[PDB]
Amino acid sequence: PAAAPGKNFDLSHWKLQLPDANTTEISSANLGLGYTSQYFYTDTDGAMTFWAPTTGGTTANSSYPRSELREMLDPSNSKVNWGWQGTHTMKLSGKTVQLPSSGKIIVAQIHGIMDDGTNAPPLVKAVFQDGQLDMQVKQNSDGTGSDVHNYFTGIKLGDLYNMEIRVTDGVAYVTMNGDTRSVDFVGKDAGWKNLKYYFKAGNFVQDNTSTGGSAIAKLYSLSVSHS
């Protein structure tokens, strides 16, 4: 009978994307009002808890299901997003409780988006496996090329991680447990200046197999700042 996550976290500038068959989205307002379900709930430890099955519905340009928050600078218009200039920082603490058969989920992101709201590549993906978090930074803004890996080894299932993802003036700074690495993405491809960005945090399950099971990820803190 614990309070729902929207009472414990500031979700006024997040919407929730779900792994039901119809990939339903829950508005910022409904999160604040106390939305909770099998996909999104407060656990006994107070954590904002994201559950998604590998059989879940998937968004138009992903093969994989998610129960994941999507940052909304304007909760009434998803086309309003931030740019490469200035400082944009997401901080979180959390843990991954259960993995699917693939042993891989994504627990935080910066996602690119076109000015018109059209999809663009992810910029940063925090990839969790039992024993390693890889904070991947995409090389090119058109999706060509590969990713710059940033491995933080020794992070296990159930361990508490403290994460920060920051963009300042076209450079990404990725931090786990006080260990920061940087990638100059605008310096790799000036095309990134032609995209906008939004944060994501939750449980984006890198397994779509019918027998893959499901994943659980938890957050104990989540904050975003733009300056």
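Each residue number is its position in the shown sequence, starting from 1.
Averaged over Cα atoms, the B-factor as recorded in the entry is higher for 112-120 than for the other of 112-120 and 99-107. Taking only CA atoms, the mean B-factor in the PDB entry is higher for 183-191 than for the other of 183-191 and 31-39. Taking only the listed residues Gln17, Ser214, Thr209, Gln206, the entry reports the highest CA temperature factor at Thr209.
Residue set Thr54, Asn162, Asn61, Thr49: peak C-alpha B-factor at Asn61 (per PDB entry).
Ranked by C-alpha B-factor against the other modelled residues of its chain, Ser221 falls in the lowest third. Among all modelled residues in its chain, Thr175 ranks in the middle third by Cα B-factor.
The deposited CA B-factor of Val148 belongs to the highest third of values across its chain. Compared with the other modelled residues of the chain, the Cα B-factor recorded for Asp142 ranks in the highest third. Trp84: CA B factor in the highest third of modelled residues in this chain (values from the PDB entry).
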